[PDB]
file final_30.csv (CSV, C-alpha atoms and all ligand atoms)
chain,number,residue,atom,x,y,z
Z,1,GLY,CA,11.5,-94.7,-110.3
Z,2,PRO,CA,12.8,-94.9,-106.7
Z,3,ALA,CA,16.4,-96.0,-106.9
Z,4,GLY,CA,18.7,-97.6,-104.3
Z,5,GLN,CA,22.4,-97.9,-104.3
Z,6,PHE,CA,24.8,-100.7,-105.1
Z,7,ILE,CA,28.0,-100.4,-103.2
Z,8,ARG,CA,31.3,-102.3,-103.1
Z,9,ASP,CA,33.0,-102.9,-99.8
Z,10,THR,CA,35.7,-105.1,-98.2
Z,11,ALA,CA,35.1,-106.9,-94.9
Z,12,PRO,CA,37.9,-107.0,-92.3
Z,13,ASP,CA,39.2,-110.3,-93.6
Z,14,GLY,CA,39.7,-108.9,-97.1
Z,15,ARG,CA,36.5,-110.4,-98.5
Z,16,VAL,CA,35.1,-108.1,-101.2
Z,17,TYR,CA,31.4,-107.9,-101.4
Z,18,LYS,CA,28.7,-105.7,-103.0
Z,19,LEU,CA,25.6,-104.6,-101.2
Z,20,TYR,CA,22.4,-103.3,-102.6
Z,21,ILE,CA,20.6,-100.9,-100.3
Z,22,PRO,CA,17.0,-100.3,-101.3
Z,23,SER,CA,15.6,-96.8,-101.5
Z,24,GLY,CA,13.3,-97.6,-98.7
Z,25,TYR,CA,16.2,-98.1,-96.3
Z,26,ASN,CA,16.1,-95.4,-93.5
Z,27,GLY,CA,17.8,-97.3,-90.6
Z,28,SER,CA,14.6,-97.1,-88.5
Z,29,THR,CA,13.5,-100.6,-89.4
Z,30,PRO,CA,15.9,-103.7,-89.5
Z,31,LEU,CA,15.7,-105.1,-93.0
Z,32,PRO,CA,16.1,-108.7,-94.2
Z,33,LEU,CA,19.5,-109.5,-95.7
Z,34,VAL,CA,19.8,-112.0,-98.6
Z,35,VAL,CA,23.4,-113.2,-99.1
Z,36,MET,CA,23.7,-114.2,-102.8
Z,37,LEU,CA,26.6,-116.5,-103.6
Z,38,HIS,CA,27.6,-116.4,-107.3
Z,39,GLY,CA,28.5,-119.4,-109.3
Z,40,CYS,CA,31.8,-120.4,-110.9
Z,41,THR,CA,33.2,-117.8,-113.3
Z,42,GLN,CA,30.8,-115.2,-112.1
Z,43,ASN,CA,31.2,-112.1,-110.0
Z,44,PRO,CA,28.8,-110.0,-107.9
Z,45,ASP,CA,27.7,-107.6,-110.7
Z,46,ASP,CA,27.1,-110.5,-113.1
Z,47,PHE,CA,25.1,-112.5,-110.5
Z,48,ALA,CA,23.1,-109.4,-109.6
Z,49,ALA,CA,22.4,-108.6,-113.2
Z,50,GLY,CA,21.2,-112.1,-114.0
Z,51,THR,CA,19.2,-112.9,-110.9
Z,52,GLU,CA,17.7,-109.5,-110.8
Z,53,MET,CA,17.8,-109.8,-107.0
Z,54,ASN,CA,18.4,-106.1,-106.6
Z,55,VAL,CA,15.1,-105.4,-108.3
Z,56,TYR,CA,13.4,-107.8,-105.8
Z,57,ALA,CA,15.3,-106.1,-103.0
Z,58,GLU,CA,14.1,-102.7,-104.2
Z,59,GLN,CA,10.5,-104.0,-104.5
Z,60,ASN,CA,10.5,-105.8,-101.1
Z,61,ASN,CA,12.7,-103.4,-99.1
Z,62,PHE,CA,15.6,-105.8,-98.3
Z,63,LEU,CA,19.4,-105.7,-98.4
Z,64,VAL,CA,21.4,-108.0,-100.8
Z,65,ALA,CA,25.0,-108.8,-100.2
Z,66,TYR,CA,27.1,-110.5,-102.9
Z,67,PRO,CA,30.4,-111.9,-101.5
Z,68,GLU,CA,33.0,-112.2,-104.3
Z,69,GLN,CA,35.1,-115.3,-104.8
Z,70,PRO,CA,38.2,-114.0,-106.5
Z,71,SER,CA,40.3,-116.0,-108.9
Z,72,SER,CA,43.1,-116.0,-106.3
Z,73,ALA,CA,40.9,-118.3,-104.1
Z,74,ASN,CA,39.7,-120.7,-106.7
Z,75,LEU,CA,40.9,-121.2,-110.3
Z,76,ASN,CA,37.4,-120.9,-111.7
Z,77,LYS,CA,36.0,-118.4,-109.1
Z,78,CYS,CA,34.1,-121.3,-107.6
Z,79,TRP,CA,33.3,-121.3,-103.9
Z,80,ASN,CA,35.4,-124.2,-102.6
Z,81,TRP,CA,32.3,-126.3,-101.6
Z,82,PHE,CA,34.3,-129.5,-102.3
Z,83,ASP,CA,37.2,-128.6,-99.9
Z,84,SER,CA,37.2,-129.6,-96.2
Z,85,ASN,CA,38.9,-126.3,-95.4
Z,86,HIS,CA,35.8,-124.5,-96.5
Z,87,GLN,CA,33.1,-126.8,-95.0
Z,88,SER,CA,33.2,-125.9,-91.3
Z,89,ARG,CA,32.2,-123.1,-89.0
Z,90,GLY,CA,34.8,-120.6,-87.9
Z,91,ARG,CA,37.4,-120.9,-90.7
Z,92,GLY,CA,37.7,-120.5,-94.4
Z,93,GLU,CA,34.9,-119.3,-96.7
Z,94,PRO,CA,32.1,-120.1,-94.2
Z,95,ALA,CA,33.8,-117.8,-91.7
Z,96,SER,CA,34.4,-115.2,-94.4
Z,97,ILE,CA,30.8,-115.3,-95.6
Z,98,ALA,CA,29.5,-115.1,-92.0
Z,99,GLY,CA,32.0,-112.2,-91.7
Z,100,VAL,CA,30.2,-110.4,-94.5
Z,101,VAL,CA,26.9,-110.7,-92.7
Z,102,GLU,CA,28.5,-109.4,-89.5
Z,103,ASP,CA,30.0,-106.5,-91.5
Z,104,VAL,CA,26.6,-105.6,-92.9
Z,105,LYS,CA,24.9,-106.0,-89.5
Z,106,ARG,CA,27.4,-103.5,-88.1
Z,107,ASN,CA,26.9,-100.9,-90.9
Z,108,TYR,CA,23.1,-101.2,-91.4
Z,109,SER,CA,20.0,-102.2,-89.5
Z,110,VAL,CA,19.6,-105.9,-90.3
Z,111,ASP,CA,16.8,-108.1,-89.1
Z,112,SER,CA,18.7,-111.0,-87.4
Z,113,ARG,CA,15.7,-113.3,-88.0
Z,114,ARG,CA,15.6,-112.7,-91.8
Z,115,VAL,CA,19.2,-113.4,-93.0
Z,116,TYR,CA,19.3,-115.9,-95.9
Z,117,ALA,CA,21.9,-117.5,-98.1
Z,118,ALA,CA,21.2,-118.4,-101.7
Z,119,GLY,CA,23.4,-119.2,-104.7
Z,120,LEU,CA,23.9,-120.9,-108.0
Z,121,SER,CA,26.1,-123.9,-108.6
Z,122,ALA,CA,29.2,-123.7,-106.3
Z,123,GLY,CA,27.3,-120.9,-104.5
Z,124,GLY,CA,24.3,-123.2,-104.1
Z,125,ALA,CA,26.6,-125.8,-102.5
Z,126,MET,CA,28.1,-123.0,-100.4
Z,127,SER,CA,24.7,-121.9,-99.3
Z,128,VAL,CA,24.2,-125.5,-98.1
Z,129,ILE,CA,27.5,-125.2,-96.2
Z,130,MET,CA,26.3,-121.9,-94.7
Z,131,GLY,CA,23.1,-123.5,-93.4
Z,132,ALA,CA,25.1,-126.4,-91.8
Z,133,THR,CA,27.8,-124.2,-90.3
Z,134,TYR,CA,26.0,-121.0,-89.3
Z,135,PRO,CA,22.3,-122.0,-88.7
Z,136,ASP,CA,22.3,-119.4,-85.9
Z,137,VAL,CA,22.8,-116.8,-88.7
Z,138,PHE,CA,20.9,-118.0,-91.7
Z,139,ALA,CA,17.1,-118.4,-91.3
Z,140,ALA,CA,16.8,-120.4,-94.5
Z,141,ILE,CA,18.7,-121.2,-97.7
Z,142,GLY,CA,18.1,-121.4,-101.4
Z,143,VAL,CA,20.1,-123.9,-103.5
Z,144,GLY,CA,20.1,-123.3,-107.2
Z,145,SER,CA,21.7,-126.3,-109.0
Z,146,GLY,CA,23.8,-127.1,-106.0
Z,147,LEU,CA,25.1,-130.2,-104.1
Z,148,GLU,CA,24.5,-131.7,-100.7
Z,149,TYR,CA,26.7,-131.0,-97.7
Z,150,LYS,CA,30.2,-132.5,-98.3
Z,151,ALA,CA,29.1,-134.0,-101.6
Z,152,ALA,CA,32.9,-134.0,-102.0
Z,153,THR,CA,35.6,-133.4,-99.5
Z,154,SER,CA,38.6,-133.0,-101.8
Z,155,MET,CA,38.9,-131.4,-105.2
Z,156,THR,CA,39.9,-134.8,-106.5
Z,157,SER,CA,36.3,-136.1,-105.9
Z,158,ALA,CA,34.4,-132.9,-106.9
Z,159,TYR,CA,33.9,-133.7,-110.6
Z,160,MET,CA,32.4,-137.2,-109.8
Z,161,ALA,CA,30.0,-135.6,-107.3
Z,162,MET,CA,28.9,-133.0,-109.9
Z,163,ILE,CA,28.2,-135.9,-112.4
Z,164,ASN,CA,27.0,-138.7,-110.1
Z,165,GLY,CA,26.0,-137.1,-106.7
Z,166,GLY,CA,27.6,-137.3,-103.3
Z,167,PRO,CA,27.5,-140.0,-100.7
Z,168,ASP,CA,24.4,-141.3,-99.0
Z,169,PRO,CA,22.4,-138.2,-98.2
Z,170,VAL,CA,21.2,-139.5,-94.8
Z,171,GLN,CA,24.9,-139.8,-93.7
Z,172,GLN,CA,25.8,-136.4,-95.2
Z,173,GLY,CA,22.7,-135.1,-93.3
Z,174,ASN,CA,24.2,-136.4,-90.0
Z,175,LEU,CA,27.5,-134.7,-90.8
Z,176,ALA,CA,25.7,-131.4,-91.6
Z,177,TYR,CA,23.8,-131.8,-88.3
Z,178,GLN,CA,27.1,-132.4,-86.5
Z,179,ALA,CA,28.6,-129.3,-88.2
Z,180,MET,CA,25.8,-127.2,-86.6
Z,181,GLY,CA,27.1,-127.9,-83.1
Z,182,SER,CA,25.1,-126.3,-80.3
Z,183,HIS,CA,23.6,-123.9,-82.9
Z,184,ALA,CA,21.5,-126.8,-84.5
Z,185,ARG,CA,18.0,-125.8,-85.6
Z,186,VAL,CA,15.8,-126.6,-88.6
Z,187,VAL,CA,17.0,-124.7,-91.6
Z,188,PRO,CA,14.3,-124.5,-94.4
Z,189,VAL,CA,15.7,-125.1,-97.8
Z,190,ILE,CA,14.3,-124.4,-101.3
Z,191,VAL,CA,16.1,-126.2,-104.2
Z,192,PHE,CA,16.0,-125.4,-107.9
Z,193,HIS,CA,17.5,-127.7,-110.5
Z,194,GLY,CA,17.2,-128.1,-114.2
Z,195,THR,CA,16.6,-131.6,-115.6
Z,196,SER,CA,19.0,-131.1,-118.5
Z,197,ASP,CA,21.8,-129.8,-116.3
Z,198,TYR,CA,25.0,-131.3,-117.7
Z,199,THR,CA,27.3,-129.5,-115.2
Z,200,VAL,CA,25.8,-130.4,-111.8
Z,201,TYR,CA,23.5,-133.3,-112.6
Z,202,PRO,CA,20.0,-133.2,-111.1
Z,203,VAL,CA,20.7,-136.1,-108.8
Z,204,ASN,CA,22.4,-133.5,-106.7
Z,205,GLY,CA,19.2,-131.5,-106.4
Z,206,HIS,CA,17.4,-134.5,-105.1
Z,207,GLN,CA,20.3,-135.3,-102.7
Z,208,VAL,CA,20.2,-131.7,-101.3
Z,209,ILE,CA,16.6,-132.4,-100.2
Z,210,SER,CA,17.3,-135.8,-98.9
Z,211,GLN,CA,20.3,-134.6,-97.0
Z,212,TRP,CA,18.4,-131.7,-95.4
Z,213,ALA,CA,15.5,-133.9,-94.5
Z,214,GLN,CA,17.9,-135.8,-92.2
Z,215,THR,CA,19.7,-132.7,-90.9
Z,216,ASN,CA,16.4,-131.0,-90.2
Z,217,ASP,CA,14.9,-134.1,-88.7
Z,218,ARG,CA,18.0,-134.3,-86.4
Z,219,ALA,CA,17.9,-130.6,-85.5
Z,220,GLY,CA,14.4,-131.2,-84.1
Z,221,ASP,CA,15.6,-133.8,-81.5
Z,222,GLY,CA,16.2,-132.8,-77.9
Z,223,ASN,CA,9.6,-133.2,-81.5
Z,224,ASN,CA,8.9,-132.6,-85.2
Z,225,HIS,CA,9.6,-135.3,-87.7
Z,226,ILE,CA,10.7,-134.4,-91.3
Z,227,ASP,CA,11.3,-136.9,-94.1
Z,228,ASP,CA,12.2,-136.6,-97.8
Z,229,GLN,CA,8.8,-137.8,-99.0
Z,230,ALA,CA,7.1,-135.0,-100.9
Z,231,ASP,CA,3.8,-134.2,-99.2
Z,232,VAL,CA,2.4,-132.1,-102.1
Z,233,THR,CA,3.6,-132.4,-105.7
Z,234,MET,CA,2.3,-130.2,-108.5
Z,235,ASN,CA,3.1,-129.6,-112.2
Z,236,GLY,CA,3.5,-125.9,-113.2
Z,237,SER,CA,3.8,-124.2,-116.5
Z,238,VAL,CA,5.5,-120.9,-117.5
Z,239,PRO,CA,3.5,-119.2,-120.3
Z,240,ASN,CA,5.6,-119.5,-123.5
Z,241,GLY,CA,8.3,-120.9,-121.2
Z,242,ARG,CA,9.3,-124.1,-119.5
Z,243,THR,CA,7.3,-126.6,-117.4
Z,244,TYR,CA,8.4,-127.6,-114.0
Z,245,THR,CA,7.4,-129.8,-111.0
Z,246,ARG,CA,7.2,-128.5,-107.5
Z,247,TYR,CA,7.7,-130.8,-104.5
Z,248,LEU,CA,6.7,-129.6,-101.0
Z,249,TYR,CA,8.0,-131.3,-97.9
Z,250,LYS,CA,6.1,-130.7,-94.6
Z,251,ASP,CA,7.1,-131.5,-91.1
Z,252,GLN,CA,4.7,-133.2,-88.8
Z,253,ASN,CA,3.6,-129.8,-87.4
Z,254,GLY,CA,2.3,-128.9,-90.9
Z,255,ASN,CA,5.0,-126.4,-91.8
Z,256,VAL,CA,6.6,-126.4,-95.2
Z,257,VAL,CA,10.2,-127.1,-94.3
Z,258,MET,CA,11.6,-127.8,-97.8
Z,259,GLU,CA,10.7,-127.2,-101.5
Z,260,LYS,CA,12.1,-128.5,-104.7
Z,261,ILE,CA,11.6,-127.0,-108.1
Z,262,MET,CA,12.7,-129.2,-111.0
Z,263,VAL,CA,12.6,-127.2,-114.3
Z,264,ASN,CA,12.1,-129.4,-117.3
Z,265,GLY,CA,14.8,-129.1,-119.9
Z,266,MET,CA,16.6,-126.3,-118.0
Z,267,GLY,CA,20.4,-126.6,-118.1
Z,268,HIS,CA,22.9,-125.3,-115.5
Z,269,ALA,CA,21.3,-121.9,-114.9
Z,270,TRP,CA,19.4,-119.6,-112.6
Z,271,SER,CA,15.8,-120.2,-113.4
Z,272,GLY,CA,14.1,-117.1,-114.9
Z,273,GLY,CA,16.1,-113.9,-114.6
Z,274,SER,CA,17.6,-111.8,-117.3
Z,275,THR,CA,20.0,-112.3,-120.1
Z,276,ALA,CA,21.8,-109.2,-118.7
Z,277,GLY,CA,23.7,-111.8,-116.6
Z,278,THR,CA,25.4,-115.1,-117.4
Z,279,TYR,CA,23.9,-118.5,-116.3
Z,280,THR,CA,20.2,-117.6,-116.5
Z,281,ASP,CA,17.3,-119.3,-118.3
Z,282,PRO,CA,14.6,-116.6,-118.8
Z,283,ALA,CA,12.1,-119.3,-119.8
Z,284,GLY,CA,12.2,-121.0,-116.4
Z,285,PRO,CA,10.0,-119.9,-113.5
Z,286,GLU,CA,11.3,-116.9,-111.6
Z,287,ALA,CA,13.6,-118.5,-109.0
Z,288,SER,CA,14.4,-115.1,-107.4
Z,289,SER,CA,10.7,-114.4,-106.7
Z,290,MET,CA,10.0,-117.9,-105.6
Z,291,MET,CA,13.1,-118.0,-103.4
Z,292,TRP,CA,12.3,-114.7,-101.8
Z,293,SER,CA,8.8,-115.7,-101.0
Z,294,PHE,CA,10.1,-118.9,-99.5
Z,295,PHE,CA,12.6,-116.9,-97.4
Z,296,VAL,CA,10.2,-114.3,-96.1
Z,297,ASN,CA,7.8,-117.0,-95.0
Z,298,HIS,CA,10.6,-118.9,-93.2
Z,299,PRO,CA,12.1,-116.4,-90.7
Z,300,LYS,CA,14.5,-117.8,-88.1
R,1,MG,MG,6.8,-135.6,-95.7
call {"tool": "encode", "arguments": {"input": "final_30.csv", "output": "structure tokens", "more": "lines below"}}
Ligand SMILES: [Mg+2]
result
Amino acid sequence: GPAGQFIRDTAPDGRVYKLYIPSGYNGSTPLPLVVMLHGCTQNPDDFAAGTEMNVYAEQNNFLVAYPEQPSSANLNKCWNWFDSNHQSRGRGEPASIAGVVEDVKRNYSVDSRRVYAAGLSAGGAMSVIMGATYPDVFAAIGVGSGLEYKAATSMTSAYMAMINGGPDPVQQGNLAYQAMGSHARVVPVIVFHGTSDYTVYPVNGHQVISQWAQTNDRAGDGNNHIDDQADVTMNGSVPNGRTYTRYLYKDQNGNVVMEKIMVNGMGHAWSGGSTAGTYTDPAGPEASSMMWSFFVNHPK
């Protein structure tokens, strides 16, 4: 019944983005902001339609921003996760996506401690980049079928990384830690990946976890050890849908810092969701709900 609004705006740098404002928004309470980064060939409306994130935003009283990657910036409307120009704080797409957050913060009441970045495919890899470059902004990140930080640094090596994974995740985790500069802090990460993904092969999902284990272990230095050994593993089952395995990674303090959901026989797709959007597998577990719960329990 209660209905919010889905607006389109342009940030000062020309970045188009859409923003879902829930019906419960009255400006008296700073709301969480989930930045949702669409995959290749997608656009904000398609990603909203498939992830259903505006329904969760309506139900949970949070804001959702969908930055748009236009065809003028990448041939396939992919976030340029493989390009050195778009892997560092302060310039390129990381700066532009941070700019969208700043634009929303200026126009609505946003909870600075509950700003998150999630995405599918190239947008999952970009969400990794956002955590490494703007950890002062993003409390936690969700990586749907993505790749580790700097899995490739030119377009020439991007395809190999999609198929075979990036370099040694411990090394890439050091680079992500370096990319954080003086803003370094633990960034909790939830990863989703389908075991029959023929686009971004699941080795990449494993690498994201291993890379962030190192980065988050390093961000704790200068007390709290984090490794890529799963502390709790459980099989789950979707009624009349897919099975999946959940891996939980704790730090020494006992906090869940990372989570990995491998959906058995899923392809390259957002897990769960609706056929109203492209690149969804309605028979998977509901990544949007799972990711939102991970986010809300991992404020900055
Ligand atoms: Mg552990």
call {"tool": "closest_residue", "arguments": {"input": "final_30.csv", "among": "Z:8, Z:113, Z:183, Z:250", "to": "ligand MG 1 (chain R)", "atoms": "all atoms listed in the file"}}
result
Z:250
call {"tool": "residues_around", "arguments": {"input": "final_30.csv", "residues": "segment 141-156 of chain Z", "least_positions_apart": "4", "cutoff": "8 Å", "atoms": "only C-alpha atoms", "output": "PyMOL selection string"}}
result
chain Z and resi 81-84+87+116-125+127-129+131-132+161-162+165-167+169+172-173+175-176+187-194+200+202+204-205+207-209+211+268-270+291+295
call {"tool": "residues_near_ligand", "arguments": {"input": "final_30.csv", "ligand": "ligand MG 1 (chain R)", "cutoff": "7 Å", "atoms": "all atoms listed in the file", "output": "JSON, numbers by chain"}}
result
{"Z": [226, 227, 228, 229, 230, 231, 249, 250, 251]}
call {"tool": "residues_around", "arguments": {"input": "final_30.csv", "residues": "residue 135 of chain Z", "least_positions_apart": "4", "cutoff": "9 Å", "atoms": "all atoms listed in the file", "output": "MDAnalysis selection string"}}
result
chainID Z and resid 130:131 139:140 180 183:187 300
call {"tool": "residues_around", "arguments": {"input": "final_30.csv", "residues": "segment 96-112 of chain Z", "least_positions_apart": "3", "cutoff": "10 Å", "atoms": "all atoms listed in the file", "output": "PyMOL selection string"}}
result
chain Z and resi 9-19+21+25-35+37+62-68+86+89-93+115-117+126-127+130+133-134+136-139+299-300
call {"tool": "closest_residue", "arguments": {"input": "final_30.csv", "among": "Z:40, Z:197, Z:51, Z:75", "to": "residue 271 of chain Z", "atoms": "all atoms listed in the file"}}
result
Z:51
call {"tool": "atom_distance", "arguments": {"input": "final_30.csv", "atom1": "atom CA of residue 20 of chain Z", "atom2": "atom CA of residue 241 of chain Z"}}
result
29.2 Å
call {"tool": "closest_residue", "arguments": {"input": "final_30.csv", "among": "Z:95, Z:253, Z:50, Z:41", "to": "residue 282 of chain Z", "atoms": "all atoms listed in the file"}}
result
Z:50
call {"tool": "atom_distance", "arguments": {"input": "final_30.csv", "atom1": "atom CA of residue 218 of chain Z", "atom2": "atom CA of residue 164 of chain Z"}}
result
25.7 Å
call {"tool": "residues_around", "arguments": {"input": "final_30.csv", "residues": "residue 272 of chain Z", "least_positions_apart": "6", "cutoff": "8 Å", "atoms": "only C-alpha atoms", "output": "CSV table (one decimal) with C-alpha atoms, in the coordinates of the input"}}
result
chain,number,residue,atom,x,y,z
Z,51,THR,CA,19.2,-112.9,-110.9
Z,280,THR,CA,20.2,-117.6,-116.5
Z,281,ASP,CA,17.3,-119.3,-118.3
Z,282,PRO,CA,14.6,-116.6,-118.8
Z,283,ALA,CA,12.1,-119.3,-119.8
Z,284,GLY,CA,12.2,-121.0,-116.4
Z,285,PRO,CA,10.0,-119.9,-113.5
Z,286,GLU,CA,11.3,-116.9,-111.6
Z,287,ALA,CA,13.6,-118.5,-109.0
Z,288,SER,CA,14.4,-115.1,-107.4
call {"tool": "atom_distance", "arguments": {"input": "final_30.csv", "atom1": "atom CA of residue 212 of chain Z", "atom2": "atom CA of residue 52 of chain Z"}}
result
27.0 Å
call {"tool": "residues_around", "arguments": {"input": "final_30.csv", "residues": "residue 23 of chain Z", "least_positions_apart": "6", "cutoff": "8 Å", "atoms": "all atoms listed in the file", "output": "CSV table (one decimal) with C-alpha atoms, in the frame of the given file"}}
result
chain,number,residue,atom,x,y,z
Z,2,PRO,CA,12.8,-94.9,-106.7
Z,3,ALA,CA,16.4,-96.0,-106.9
Z,4,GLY,CA,18.7,-97.6,-104.3
Z,5,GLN,CA,22.4,-97.9,-104.3
Z,58,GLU,CA,14.1,-102.7,-104.2
Z,61,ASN,CA,12.7,-103.4,-99.1
